Protein chains: 4
Amino acid sequence: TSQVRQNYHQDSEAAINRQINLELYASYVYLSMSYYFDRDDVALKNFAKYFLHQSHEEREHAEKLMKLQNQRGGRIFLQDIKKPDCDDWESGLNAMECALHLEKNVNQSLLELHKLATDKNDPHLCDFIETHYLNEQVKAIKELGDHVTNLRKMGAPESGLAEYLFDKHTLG
Amino acid sequence: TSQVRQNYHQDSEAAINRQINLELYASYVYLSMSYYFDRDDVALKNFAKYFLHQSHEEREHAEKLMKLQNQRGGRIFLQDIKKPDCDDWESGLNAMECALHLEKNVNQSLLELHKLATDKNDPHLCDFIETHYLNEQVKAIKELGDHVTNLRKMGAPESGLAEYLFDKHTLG
Amino acid sequence: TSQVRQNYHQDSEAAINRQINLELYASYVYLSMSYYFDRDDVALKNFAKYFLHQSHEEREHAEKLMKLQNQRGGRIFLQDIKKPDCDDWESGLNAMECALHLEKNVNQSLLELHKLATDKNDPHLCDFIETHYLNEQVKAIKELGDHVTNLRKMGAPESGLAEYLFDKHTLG
Amino acid sequence: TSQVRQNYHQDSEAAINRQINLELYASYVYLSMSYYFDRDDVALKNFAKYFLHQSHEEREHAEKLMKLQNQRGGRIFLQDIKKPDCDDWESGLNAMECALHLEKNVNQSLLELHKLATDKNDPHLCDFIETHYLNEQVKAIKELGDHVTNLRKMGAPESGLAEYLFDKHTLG
Ligand SMILES: [Ca+2]
Ligand SMILES: [Ca+2]
Ligand SMILES: [Ca+2]
Ligand SMILES: [Ca+2]
Ligand SMILES: [Cl-]
Ligand SMILES: [Cl-]
Ligand SMILES: [Cl-]
Ligand SMILES: [Cl-]
Ligand SMILES: [Cl-]
Ligand SMILES: [Cl-]
Ligand SMILES: [Cl-]
Ligand SMILES: [Cl-]
Ligand SMILES: [Cl-]
Ligand SMILES: [Cl-]
Ligand SMILES: [Cl-]
Ligand SMILES: [Cl-]
Ligand SMILES: [Cl-]
Ligand SMILES: [Cl-]
Ligand SMILES: [Cl-]
Ligand SMILES: [Cl-]
Ligand SMILES: [Cl-]
Ligand SMILES: [Cl-]
Ligand SMILES: [Cl-]
Ligand SMILES: [Cl-]
Ligand SMILES: [Cl-]
Ligand SMILES: [Cl-]
Ligand SMILES: [Cl-]
Ligand SMILES: [Cl-]
Ligand SMILES: [Cl-]
Ligand SMILES: [Cl-]
Ligand SMILES: [Cl-]
Ligand SMILES: [Cl-]
Ligand SMILES: [Cl-]
Ligand SMILES: [Cl-]
Ligand SMILES: [Cl-]
Ligand SMILES: [Cl-]
Ligand SMILES: [Cl-]
Ligand SMILES: [Cl-]
Ligand SMILES: [Cl-]
Ligand SMILES: [Cl-]
Ligand SMILES: [Cl-]
Ligand SMILES: [Cl-]
Ligand SMILES: [Cl-]
Ligand SMILES: [Cl-]
Ligand SMILES: [Cl-]
Ligand SMILES: [Mg+2]
Ligand SMILES: [Mg+2]
Ligand SMILES: [Mg+2]
Ligand SMILES: [Mg+2]
Ligand SMILES: [Mg+2]
Ligand SMILES: [Mg+2]
Ligand SMILES: [Mg+2]
Ligand SMILES: [Mg+2]
Ligand SMILES: [Mg+2]
Ligand SMILES: [Mg+2]
Ligand SMILES: [Pt+2]
Ligand SMILES: [Pt+2]
Ligand SMILES: [Pt+2]
Ligand SMILES: [Pt+2]
């Protein structure tokens, strides 16, 4: 047993390892989306920049969970990072809709994690999730919702002009 | 009787209290409009910013009238601030049209106030209204008229692209 | 249904709308108190400044709740802002006592809101209330208690000298 | 006839000369009050400073009216500046009450002047009075009312401590 471990349930330790994998997966999804918009037949550079930034932020999320695992005396257990569901993302609107779906899935996982930490009476872990993850997810979901709304109202995905101008004015 | 009161008719005092309520009501209308554009299914952030600024300016209008009431030795008398007429505002164009209607109503009230102050031979109150309120209203009405015109000519409310681009270029 | 809504109970949405109204009401109470101390027959300018600042902070509280409602995909629903219970506030001590009563009422409402968010297993909303509201209320109640104590010990409300000197030394 | 004179009634010219005398009289009253508080058996230096500043501001009021008389092509006509009604002012409270009475008398004269300018359809003179005099009088009367209120509530004129502390905190 770790000399630092205190009030840290084995189930919570396992759930944190699963969350680490999911954050790394989200980083990979955003990396894929980013370079889709870097293709010469898509060519929306601020979509590409926006999703690359999101990819780096997910890697930071994963690193913070790994730090937490060690802080609490759990042991990190890594699994394969699955490739994203799509190779081709269709349009800026469809990529934003996929990102919204991804972030709501990550939020569900975090809420299940919080439920477990509550059930195991682990207030440090509850506070860690609330401080570093839950409002970040709410802000990310709201931003992506805003983006989807604007792209739809502007006429995407049929209007390539709409995605071009959104790239310049909102993401630029 | 107030030791400072001089040439200040009871009718003028009452009219100033009514105007205080109307300025607070206009602040509330603009607050409601602002957060309509903050909804995830509307998502026009500079419309939201513009109307929040207008809301704060109406609260300043109300505060200046309360200051005036005390300066002249009248006594402030507050009433409920009614909720705005709408919960949902439809479109950026419709909100601008509502704001134009609101500002012309506030201007009519101020012109009736000035008529009363003229009838009661109160030149200090006439000058207060002319200095701090009447040209402010004329400028606000002209600005909102300009905004309505541009949104109509651009194709709003049917063109969501129009409202998006107006948000960026005129309100941004 | 809102595309962003996740784990946000209809009861919580309604409770947030009620809290928005209560924050706007508290802003109005403090606005009324402020201009009471601006009267020529009261004339305590730092009492007036103190309560005007408190009024603006309550409007910020309300705005943050409106932002939260939209962040979570709820829909804002406004009601009339009732006029405060008093027109005349009697003395600096009595106004401070009224403010203490108001802030403890607002705190009770926030604690009921937190109880509901706990019952609906909404950790994001619990954390929002704890981060932005609960300690703010505890600090405000403690400050107002301190102020009431000092005014009583100095001899208020009978000693107009006491309220004058408190205006200069504590609020100045 | 003056080569510049236009729309300037002989009655208005005479009324402006009377107002010049009244402004010079108010300057003299405040000069007398100032040096009352400089006496070794009164010895309130910030009362003395406050009334000396008021005296200089009244001389500026008079100079501006003399400038106006020449601007409009009227001819200045001076009369004796009467000595103030009192040699001894009793107390800081009594001097403030006298100043309040003086400023309300000056305001009545200005309102009669404005009534005359209105009757003679002289909008330049109306605007001059409203811009440079009427709100200045309202602010001065409100300030003096505030001061009287505070001195009374603190226990003046019986409390020499009250006048001492008002001298330091409000006028200092
Ligand atoms: Ca596979
Ligand atoms: Ca109603
Ligand atoms: Ca009522
Ligand atoms: Ca004589
Ligand atoms: Cl343990
Ligand atoms: Cl343990
Ligand atoms: Cl365990
Ligand atoms: Cl594991
Ligand atoms: Cl996983
Ligand atoms: Cl694996
Ligand atoms: Cl967070
Ligand atoms: Cl947000
Ligand atoms: Cl936030
Ligand atoms: Cl469409
Ligand atoms: Cl009168
Ligand atoms: Cl009157
Ligand atoms: Cl009357
Ligand atoms: Cl009234
Ligand atoms: Cl009204
Ligand atoms: Cl009412
Ligand atoms: Cl104006
Ligand atoms: Cl203009
Ligand atoms: Cl202008
Ligand atoms: Cl059209
Ligand atoms: Cl859900
Ligand atoms: Cl939900
Ligand atoms: Cl529900
Ligand atoms: Cl509701
Ligand atoms: Cl409520
Ligand atoms: Cl209602
Ligand atoms: Cl807090
Ligand atoms: Cl504290
Ligand atoms: Cl604290
Ligand atoms: Cl007592
Ligand atoms: Cl002291
Ligand atoms: Cl002429
Ligand atoms: Cl002439
Ligand atoms: Cl003539
Ligand atoms: Cl003459
Ligand atoms: Cl005279
Ligand atoms: Cl003479
Ligand atoms: Cl003025
Ligand atoms: Cl004032
Ligand atoms: Cl003013
Ligand atoms: Cl007394
Ligand atoms: Mg992110
Ligand atoms: Mg993440
Ligand atoms: Mg405005
Ligand atoms: Mg206004
Ligand atoms: Mg506060
Ligand atoms: Mg509050
Ligand atoms: Mg908790
Ligand atoms: Mg002066
Ligand atoms: Mg003068
Ligand atoms: Mg006029
Ligand atoms: Pt997808
Ligand atoms: Pt409307
Ligand atoms: Pt009360
Ligand atoms: Pt006198």
# chains A, B, ... in the order shown; residues from 1 in each chain; ligands from 1
$ interface_residues --of "chain A" --to "chain B" --cutoff "8 Å" --atoms "only C-alpha atoms" --output "VMD selection string"
chain A and resid 142 to 143 145 to 147 149 to 150 153 to 155 162 169
$ write_last_selection --atoms "N, CA and C atoms" --output "JSON list (two decimals), in the first residue's frame"
[["chain", "number", "residue", "atom", "x", "y", "z"],
["A", 142, "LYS", "N", -21.20, 24.90, -23.84],
["A", 142, "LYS", "CA", -21.92, 26.11, -24.23],
["A", 142, "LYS", "C", -21.28, 26.76, -25.45],
["A", 143, "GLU", "N", -19.94, 26.85, -25.47],
["A", 143, "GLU", "CA", -19.24, 27.43, -26.62],
["A", 143, "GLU", "C", -19.52, 26.66, -27.90],
["A", 145, "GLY", "N", -22.07, 24.71, -28.50],
["A", 145, "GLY", "CA", -23.45, 24.97, -28.88],
["A", 145, "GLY", "C", -23.62, 26.29, -29.61],
["A", 146, "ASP", "N", -23.02, 27.35, -29.06],
["A", 146, "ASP", "CA", -23.04, 28.65, -29.73],
["A", 146, "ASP", "C", -22.52, 28.53, -31.17],
["A", 147, "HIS", "N", -21.39, 27.84, -31.34],
["A", 147, "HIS", "CA", -20.77, 27.72, -32.66],
["A", 147, "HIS", "C", -21.68, 26.98, -33.64],
["A", 149, "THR", "N", -24.95, 26.70, -33.48],
["A", 149, "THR", "CA", -26.06, 27.60, -33.78],
["A", 149, "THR", "C", -25.68, 28.62, -34.85],
["A", 150, "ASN", "N", -24.54, 29.29, -34.68],
["A", 150, "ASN", "CA", -24.16, 30.31, -35.65],
["A", 150, "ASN", "C", -23.94, 29.71, -37.03],
["A", 153, "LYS", "N", -27.39, 28.95, -38.56],
["A", 153, "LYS", "CA", -28.13, 30.16, -38.95],
["A", 153, "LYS", "C", -27.50, 30.84, -40.16],
["A", 154, "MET", "N", -26.18, 30.73, -40.31],
["A", 154, "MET", "CA", -25.49, 31.33, -41.44],
["A", 154, "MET", "C", -25.70, 30.56, -42.74],
["A", 155, "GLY", "N", -26.21, 29.33, -42.67],
["A", 155, "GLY", "CA", -26.47, 28.54, -43.86],
["A", 155, "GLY", "C", -25.57, 27.32, -44.06],
["A", 162, "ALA", "N", -20.60, 30.66, -45.73],
["A", 162, "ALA", "CA", -20.84, 30.70, -44.29],
["A", 162, "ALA", "C", -19.66, 30.15, -43.49],
["A", 169, "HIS", "N", -14.40, 35.36, -38.68],
["A", 169, "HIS", "CA", -14.94, 36.27, -37.68],
["A", 169, "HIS", "C", -15.04, 35.68, -36.28]]
$ select_by_dssp --residues "segment 78-159 of chain B" --states "helix (DSSP H, G or I)" --output "NGL selection string"
:B and (92-119 or 123-154)
$ residues_around --residues "residue 93 of chain C" --least-positions-apart "3" --cutoff "9 Å" --atoms "only C-alpha atoms" --output "list in words"
residues 90, 96, 97, 98, 147, 148, 151, 152, 156, 157 and 163 of chain C
$ residues_near_ligand --ligand "ligand 1" --cutoff "9 Å" --atoms "only C-alpha atoms and all ligand atoms" --output "JSON, numbers by chain"
{"A": [82, 83, 84, 85]}
$ write_last_selection --atoms "C-alpha atoms" --output "short mmCIF file (atom, residue, chain, number, x, y, z; two decimals), in the first residue's frame"
data_model
loop_
_atom_site.label_atom_id
_atom_site.label_comp_id
_atom_site.auth_asym_id
_atom_site.auth_seq_id
_atom_site.Cartn_x
_atom_site.Cartn_y
_atom_site.Cartn_z
CA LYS A 82 -8.52 4.39 -29.77
CA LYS A 83 -8.50 6.13 -33.12
CA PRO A 84 -11.32 8.68 -33.56
CA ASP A 85 -14.80 7.27 -35.23
#
$ atom_distance --atom1 "atom CA of residue 138 of chain A" --atom2 "atom CA of residue 6 of chain C"
9.0 Å
$ residues_near_ligand --ligand "ligand 48" --cutoff "8 Å" --atoms "only C-alpha atoms and all ligand atoms" --output "number ranges by chain"
B: 53-55, 57-58, 136-137, 140
$ residues_near_ligand --ligand "ligand 9" --cutoff "9 Å" --atoms "only C-alpha atoms and all ligand atoms" --output "PyMOL selection string"
chain A and resi 15-23+25+79+109
$ write_last_selection --atoms "N, CA, C and O atoms" --output "CSV table (one decimal), in the first residue's frame"
chain,number,residue,atom,x,y,z
A,15,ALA,N,-11.7,4.3,-11.7
A,15,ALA,CA,-12.5,5.3,-12.5
A,15,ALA,C,-11.6,6.4,-13.0
A,15,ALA,O,-11.8,6.9,-14.1
A,16,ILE,N,-10.6,6.8,-12.2
A,16,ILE,CA,-9.7,7.9,-12.6
A,16,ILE,C,-8.8,7.4,-13.8
A,16,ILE,O,-8.5,8.1,-14.8
A,17,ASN,N,-8.4,6.1,-13.8
A,17,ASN,CA,-7.6,5.6,-14.9
A,17,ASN,C,-8.5,5.6,-16.2
A,17,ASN,O,-8.1,5.9,-17.3
A,18,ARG,N,-9.8,5.2,-16.0
A,18,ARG,CA,-10.7,5.2,-17.2
A,18,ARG,C,-10.8,6.7,-17.7
A,18,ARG,O,-10.8,6.9,-19.0
A,19,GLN,N,-10.9,7.6,-16.8
A,19,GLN,CA,-11.1,9.0,-17.2
A,19,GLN,C,-9.8,9.5,-18.0
A,19,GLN,O,-9.9,10.3,-18.9
A,20,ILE,N,-8.6,9.1,-17.5
A,20,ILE,CA,-7.4,9.5,-18.2
A,20,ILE,C,-7.4,9.0,-19.6
A,20,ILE,O,-7.0,9.8,-20.5
A,21,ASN,N,-7.9,7.8,-19.8
A,21,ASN,CA,-8.0,7.3,-21.2
A,21,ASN,C,-8.9,8.1,-22.0
A,21,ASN,O,-8.7,8.4,-23.2
A,22,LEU,N,-10.1,8.5,-21.5
A,22,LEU,CA,-11.1,9.2,-22.2
A,22,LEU,C,-10.5,10.6,-22.6
A,22,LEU,O,-10.8,11.2,-23.7
A,23,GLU,N,-9.8,11.3,-21.7
A,23,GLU,CA,-9.2,12.6,-22.0
A,23,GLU,C,-8.2,12.5,-23.1
A,23,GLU,O,-8.1,13.3,-24.0
A,25,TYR,N,-8.2,10.2,-25.4
A,25,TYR,CA,-9.0,10.0,-26.6
A,25,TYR,C,-9.6,11.3,-27.2
A,25,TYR,O,-9.5,11.5,-28.4
A,79,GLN,N,-4.3,2.4,-21.1
A,79,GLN,CA,-4.8,1.5,-22.2
A,79,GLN,C,-4.6,2.2,-23.5
A,79,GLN,O,-4.3,3.4,-23.6
A,109,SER,N,-19.2,11.2,-18.3
A,109,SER,CA,-18.2,10.4,-17.6
A,109,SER,C,-17.8,11.0,-16.3
A,109,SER,O,-17.7,10.4,-15.3
$ closest_residue --among "A:133, A:77, A:104, A:65" --to "ligand 10" --atoms "only C-alpha atoms and all ligand atoms"
A:77
